[PDB]
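S.K.: Sequence first, structure after, both from an experimental entry:
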Amino acid sequence: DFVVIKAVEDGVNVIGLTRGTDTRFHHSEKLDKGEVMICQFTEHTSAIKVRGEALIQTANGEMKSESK
Amino acid sequence: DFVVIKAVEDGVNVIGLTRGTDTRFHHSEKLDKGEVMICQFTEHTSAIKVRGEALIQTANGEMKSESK
Amino acid sequence: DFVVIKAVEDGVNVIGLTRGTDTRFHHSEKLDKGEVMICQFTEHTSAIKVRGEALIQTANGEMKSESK
Amino acid sequence: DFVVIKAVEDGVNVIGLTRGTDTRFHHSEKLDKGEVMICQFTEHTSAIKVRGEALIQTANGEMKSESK
Amino acid sequence: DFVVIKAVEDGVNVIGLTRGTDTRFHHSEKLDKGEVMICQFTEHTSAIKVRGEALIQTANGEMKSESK
Amino acid sequence: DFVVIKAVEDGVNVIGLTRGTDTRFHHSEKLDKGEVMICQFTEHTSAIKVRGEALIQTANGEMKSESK
Amino acid sequence: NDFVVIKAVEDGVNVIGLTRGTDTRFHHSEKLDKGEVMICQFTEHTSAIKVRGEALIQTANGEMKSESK
Amino acid sequence: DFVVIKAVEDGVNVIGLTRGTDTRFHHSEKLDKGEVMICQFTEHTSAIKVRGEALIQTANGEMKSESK
Amino acid sequence: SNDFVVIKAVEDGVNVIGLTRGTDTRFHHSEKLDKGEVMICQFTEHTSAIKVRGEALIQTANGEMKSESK
Amino acid sequence: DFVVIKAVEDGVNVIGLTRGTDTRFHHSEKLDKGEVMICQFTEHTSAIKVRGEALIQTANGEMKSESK
Amino acid sequence: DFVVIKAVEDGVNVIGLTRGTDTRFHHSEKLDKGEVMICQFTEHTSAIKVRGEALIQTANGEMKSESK
Ligand SMILES: N[C@@H](Cc1c[nH]c2ccccc12)C(=O)O
Ligand SMILES: N[C@@H](Cc1c[nH]c2ccccc12)C(=O)O
Ligand SMILES: N[C@@H](Cc1c[nH]c2ccccc12)C(=O)O
Ligand SMILES: N[C@@H](Cc1c[nH]c2ccccc12)C(=O)O
Ligand SMILES: N[C@@H](Cc1c[nH]c2ccccc12)C(=O)O
Ligand SMILES: N[C@@H](Cc1c[nH]c2ccccc12)C(=O)O
Ligand SMILES: N[C@@H](Cc1c[nH]c2ccccc12)C(=O)O
Ligand SMILES: N[C@@H](Cc1c[nH]c2ccccc12)C(=O)O
Ligand SMILES: N[C@@H](Cc1c[nH]c2ccccc12)C(=O)O
Ligand SMILES: N[C@@H](Cc1c[nH]c2ccccc12)C(=O)O
Ligand SMILES: N[C@@H](Cc1c[nH]c2ccccc12)C(=O)O
C-alpha cells in the first residue's frame, strides 16, 4: 500500500514514523508547491504523518490537509 | 490494512493498542487541526482508537469521530 | 480483517473473546461517546462482542448496536 | 471469513461447533437485545448455529433468525 | 467457502458427507424453524446435503430446499 | 470451487467421477424432490455428472438438466 | 483450477479429455445423454477438453454452444 | 488460463506451441463444424495459434478468426 | 497469474516477435500470422517482451489496441 | 505487470532502466509508425522510459507520449 | 505497484528515495516534454518524488504536478 501526496502550498511535510515497539519521527520530507510524493509503507515506516496544505490519495479514497 | 485520519480540529488523539495476549496503549499521536495521519495494523498494533473530532477512512468506508 | 466501532453513547464496551479450544473474555476496551475504535481479529482474538449503543462497520456491511 | 450477529431480542444464542472428525457444540455465547457479535471460522470452529431473533451478515448476503 | 442455511419449517437436516475415498454422512445437524446454520467445507466435509424446507445462501447464489 | 444442485423431482443422481489416470464413477448420491446438495471438487473427484431433473448453480451461473 | 459446465441438448454428446504433457491424445470420452449435465475440471491428467455433439457450455470465459457432426 | 475455441466451419486448426528456448508446434488439433475445444496454457504450451473460421473466448474477451 | 496477449491478423504478413528475458534483449523467434489467424501467447521464462508488426487486432488485460502495416 | 506501447509515428523508442542499486539504460527498442510493443517489468527492468509519439496502456489507464 | 509519469514541460524531475533506515535520493531521472516514464517501487526505491509540471497516474487515480 502507498500514499500519494501533492503539495498545494509551500511548507508541506511528509513525516515517517518508525515501525516496531518504538514510535518516533525518523524522517521528514519537504515538498514545495506543486511537487508530488508517492511513498510506501516499509519495514521501517508503518505510519505516516502529513502537515501543510496538500492533496492526499490512498487506496481508501482522497483526503485533504491544511496548514497552520 | 491501513487507516486514514484527518484532524478536523485540534485535540485529535490517535492511539495504538498492543498486539498479543495483553491489551494496552503503547503510543498516542496527537494531531493539530488539518494534520493527516496514515497508519497500518502491524506486528505491534492490532487495534486502534481515535479520540477527538476527526475524519476517518478505512477499506470498510468512511467514519467521523466526535470529541468531548 | 477488521471491525470499525463508533460509540454513539458513553459506556460502550468492545469485548474480545479468546481463540482456541476455550472461549473467554480477555479484554474490554471502554469507548466514550464519539470515540472510534478500529480493531482486528488476531491470534488471540477470534470473536468480538459489542455491548452498548454504537455504529459498526465490517466488510459485510453496516450494523448498529443498541444499549441494553 | 466471519459472521456478524445482532440480537434483536433477549435470549439469542450463538453456538460454536467443533472442527475435525467430531462435530460437537463446544461453546454457547448468549446475546441480549441490542448486543452485536462478530466471530470468525477458526481451527476449532467450522460450523456455527444461531437460535433466536437476530440479524445476520455474511459475505453471501444477509439473513434473519426467528425466536421461539 | 461456507453455506448459509435457515430452516423455514421444523426438523431440517443439514447432512455432511465425508471427504475421501468413500462417501457417507459423518454427521446430521437438525435445525428448527427460524434457526440458522452456517457451515464450511472442511478436511472432513467435502459435500453437504440439505433435507427439509430451508433457505440457502452460497457464493454462487440463492436456493430453496423443500419440505415433503 | 463447488456445485449446488436442487432436485426438481424424484430420482436425481449426483455422480462423482474419479480424478487421475482412470475415469469411472465412484459414488452416486440419490436426491429426492426438493433436496439440495452442495459438493466440491476434490482429490478424489475432479468431474461431476448430473442425471435427472435438477437446478444447478456454479461460479459460472445456473444450468438445468432434464430426466429420461 | 477452472472447470467446464456442459449440458447435452441432444443425444450422443461426447466430452473428450486430452492428456497433459508432451504427448497430446484422447484418454477418455464421457457420453452424455440428452439433458444430462457434466461439470469437469482441468487436472494433472487433462489439460485440454473436446466437446462433440449439440450442447451448452459454460466457462469462466462466458457461454458457448456446440452442434452435432 | 485457458482458451475456448468453437469451429464455425470445417478446417479449423488449433495449434500448440512449445514453451522454452525453442518455439515450434508440438500438436495440431483438427476441429469440425460445431465442435468446441477448451485448452489451457501448460508446461509444454506457452502460446496457441488458431486457423480457420472459429469463435474464440479468453479472459481478455472474445475474438473471431477467419479461414483462408 | 502469468499474463498473455491475443493477436488477430487483419491482413497477411503479420509478425509476432518474441524478445528474450534477462541481461540481453533480442528476437528469439518470429511467428508469421496471415489474414484471419488468431494467436494467444504468454510471457514466459524466456519471453518477457513482445513486438508486433503488421496490421493486427490486439487484446490484453489493460485494454485493446490496433497495429498497422508498412 | 506489463506495458502496451503503440507507436503513432516513426522514431519511437522504448527504453528499459536497470533494477537494483544502480540505475541506467540497458536497452532501447525502436518502434516505427504502427508497431506495438508489449513488455513486462522484470528482474533487470524496474523502470521504463517512452520517447517519441505513442499510445500507452497500463493497468492504471491510458497515456499518450509526444516527440520532439 | 508502479507509477506513470508524463512530462508536460522539459526538464521534469523524477526522484527515487532509498528504501531502508535512511532516506535520501539515489537517482534523479529527467523527462523532457512529452516523454513518459513508467517505474516501480523496488528493493531500492520505497518512495518517489516528482518535481516539474507532469501528469501522474497510479492505482489510486490521477494527480498533476506543477513547477516553479
Ligand atoms: N527510507 C524510507 C522511505 C519512506 C517510505 N515511506 C515514507 C514515509 C515518510 C518518510 C519516509 C518514507 C523507508 O523505506 O521506509
Ligand atoms: N510503532 C508503531 C507505529 C504505529 C502504526 N500504526 C499505529 C497506530 C497508532 C499508533 C501507532 C501506530 C507500529 O509500527 O506498530
Ligand atoms: N491485544 C489484542 C487487541 C485486540 C484486537 N482486537 C480486539 C477486539 C476486542 C478487544 C481487544 C482486541 C489482540 O491482539 O487481540
Ligand atoms: N475460542 C473459539 C471462539 C469462537 C470463534 N468463533 C465462534 C463462533 C461461535 C462460538 C465460539 C466461537 C475459537 O477461536 O474458535
Ligand atoms: N466436524 C465437522 C463439522 C462441520 C463443518 N461443516 C459442516 C457441514 C455439515 C455437517 C457438519 C459440518 C467439520 O469440521 O467438518
Ligand atoms: N467422498 C467424496 C465426496 C464428494 C464430493 N463431491 C462429490 C461429488 C459427487 C459425488 C461425491 C462427492 C469426495 O471427497 O470426493
Ligand atoms: N479422470 C479425469 C476426469 C476428468 C477431468 N476433466 C475431464 C475432461 C474430460 C474427460 C475426463 C475428465 C481426470 O482427472 O483428468
Ligand atoms: N499435451 C498438451 C495438450 C494441450 C494443452 N493445450 C493445448 C493447446 C494446443 C494444442 C495442444 C494443447 C499440453 O498440455 O500442453
Ligand atoms: N517458446 C516460446 C513461445 C512463446 C511464447 N510467447 C511468445 C511470443 C513470441 C514468440 C514466441 C513466444 C516461449 O516459451 O517463450
Ligand atoms: N531483457 C529484458 C527485456 C525487457 C523486458 N521489458 C522491457 C522493457 C524495456 C526494454 C527491455 C525490456 C528483460 O528481461 O528485462
Ligand atoms: N534501479 C532503480 C530503478 C528505479 C525504479 N523505480 C524508480 C523510480 C525513480 C528512480 C529510479 C527508479 C530501482 O530498481 O529501484
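M.R.: It's in. Residues are numbered from 1 along each chain as shown, chains lettered A, B, ... in the order given. Ligands and ions are numbered 1, 2, ... in the order given.

S.K.: And the residue of chain A that's closest to chain K?
M.R.: residue A:34 (3.1 Å; Cβ to the nearest Cβ). Backbone N, C-alpha and C define where each C-beta goes, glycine included.

S.K.: Can you get me a residue count around residue A:41?
M.R.: 20 (other Cβ atoms under 10 Å in any protein chain shown).

S.K.: now it: how far from residue A:54?
M.R.: For residue A:41, the distance to residue A:54 equals 18 Å [Cβ to Cβ, to the nearest Å].

S.K.: residues near the closest residue to the residue of chain A closest to chain K other than its chain neighbours, how many?
M.R.: The shortest distance from residue A:34 to any non-neighbouring residue, by Cβ to Cβ, 6 or more residues apart in numbering or on different chains, is to residue K:66 (3.1 Å). Number of residues near residue K:66 (other Cβ under 10 Å) recorded here: 18.

S.K.: Confirm for me that residue K:66 is in contact with residue A:32.
M.R.: No - the pair residue K:66 / residue A:32 is not scored as a contact, 9.8 Å apart, by Cβ atoms under 8 Å.

S.K.: List the contacts of residue A:16.
M.R.: By Cβ atoms under 8 Å, 6 or more residues apart in numbering or on different chains, residue A:16 lies in contact with A:25-29, A:39, A:44-45, A:47-49, K:23.

S.K.: now, which of these sits nearest ligand 5?
M.R.: Ligand 5 has its nearest neighbour among the contacts of residue A:16 in residue A:47, at 39.4 Å by Cβ to the nearest ligand atom.

S.K.: Would you tell me what helix or strand the closest one is located in?
M.R.: strand A:45-51 (DSSP states H and E).

S.K.: What residue in chain A comes nearest to ligand 3?
M.R.: residue A:21 (14.0 Å).

S.K.: So that residue, which state does it fall into?
M.R.: coil (DSSP: H, G, I helix; E, B strand; the rest coil).

S.K.: ok, the residue of chain A closest to chain K to residue K:62 distance?
M.R.: Residue A:34 is 15 Å from residue K:62, by Cβ to Cβ.

S.K.: Show me what the spatially most central residue of chain A bridges to in the sheet.
M.R.: Central residue check for chain A by Cα atoms, centre = their mean: the C-alpha nearest the mean position is that of residue A:14, 3.6 Å away. With DSSP bridges as the criterion, residue A:14 is bridged to residue A:29, residue A:50.

S.K.: list the contacts for it?
M.R.: The neighbourhood of residue A:14, defined by Cβ under 8 Å, 6+ apart, consists of A:5, A:28-29, A:31, A:37, A:39, A:48-50.

S.K.: Now the buried members of those residues.
M.R.: Buried members of these, scored by 16 or more other Cβ atoms under 10 Å in any protein chain shown, are A:5, A:29, A:31, A:37, A:39, A:48-50.

S.K.: Quick one: these as a markdown table, columns for distance to ligand 3 too.
M.R.: Shown next, in a markdown table, are those (distance: Cβ to the nearest ligand atom, whole Å):
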| residue | distance to ligand 3 |
| --- | --- |
| A:5 | 30 |
| A:29 | 32 |
| A:31 | 35 |
| A:37 | 32 |
| A:39 | 27 |
| A:48 | 22 |
| A:49 | 23 |
| A:50 | 26 |
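
S.K.: now, among these, which is nearest to ligand 9?
M.R.: residue A:39 (35.7 Å).

S.K.: That closest one touches residue K:47, doesn't it?
M.R.: Yes - the pair residue A:39 / residue K:47 is scored as a contact, 3.7 Å apart, by Cβ under 8 Å.

S.K.: Please, where are all the strands along chain A?
M.R.: Listed in chain order, the strands found in chain A under DSSP state E are A:2-7, A:12-18, A:25-31, A:36-40, A:45-51, A:54-58, A:61-65.

S.K.: Listing partners with orientation, what would you give for the first one?
M.R.: Spelled out, it's strand A:2-7. Per DSSP bridges, strand A:2-7 is paired in its sheet with strand A:36-40 (antiparallel), strand A:54-58 (antiparallel).

S.K.: Generate JSON lines for those, with distance to residue H:9 as supplementary columns.
M.R.: Conversion of these to JSON lines gives the following (distance: least, Cβ to Cβ, whole Å):
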{"stretch": "strand A:36-40", "distance to residue H:9": "52"}
{"stretch": "strand A:54-58", "distance to residue H:9": "52"}
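
S.K.: Export these as TSV, with columns for distance to ligand 2.
M.R.: Output for the strands paired with strand A:2-7, formatted as TSV (distance: least, Cβ to the nearest ligand atom, whole Å):
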stretch	distance to ligand 2
strand A:36-40	14
strand A:54-58	14
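
S.K.: Go through the ones you listed and name the closest to residue J:10.
M.R.: Of all the strands paired with strand A:2-7, strand A:36-40 sits nearest to residue J:10, with 32.5 Å by Cβ to Cβ.

S.K.: which residues touch that closest one?
M.R.: By Cβ under 8 Å, 6+ apart, strand A:36-40 touches A:1-7, A:14, A:16, A:29, A:31, A:45, A:48, K:1, K:3, K:17, K:41, K:46-50, K:54, K:56, K:58, K:63-65.

S.K.: please redo it, this time with the cut-off set to 6 Å
M.R.: A:2, A:4-6, A:14, A:31, K:3, K:41, K:46-50, K:56, K:63, K:65 (Cβ atoms under 6 Å, 6 or more residues apart in numbering or on different chains).

S.K.: List the residues that contact the residue lying closest to residue A:31 once chain neighbours are set aside.
M.R.: Once flanking residues are discounted, residue A:31 sits nearest to residue A:7: 3.7 Å by Cβ to Cβ, 6+ apart. Residue A:7 makes contact with A:31, A:33, A:35, A:54, according to Cβ under 6 Å, 6+ apart.

S.K.: Of those residues - the most surrounded one?
M.R.: residue A:54 (27 neighbours).

S.K.: Go ahead and confirm it touches residue A:65.
M.R.: Yes - with contact defined as Cβ atoms under 6 Å, residue A:54 counts as touching residue A:65 (5.1 Å).

S.K.: Point me to the residue of chain A nearest chain G.
M.R.: For chain A, Cβ to the nearest Cβ, closest residue to chain G: residue A:59, 26.1 Å.

S.K.: List the residues that contact that residue.
M.R.: A:1, K:60.

S.K.: make it 10 Å
M.R.: A:1-3, B:1-2, B:4, B:57, B:59, K:58-61 (Cβ atoms under 10 Å, 6 or more residues apart in numbering or on different chains).

S.K.: Any chance of these in CSV with distance to ligand 6 as columns?
M.R.: Below are these laid out as CSV (distance: Cβ to the nearest ligand atom, whole Å):
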residue, distance to ligand 6
A:1, 39
A:2, 43
A:3, 46
B:1, 35
B:2, 40
B:4, 44
B:57, 43
B:59, 34
K:58, 44
K:59, 39
K:60, 42
K:61, 44
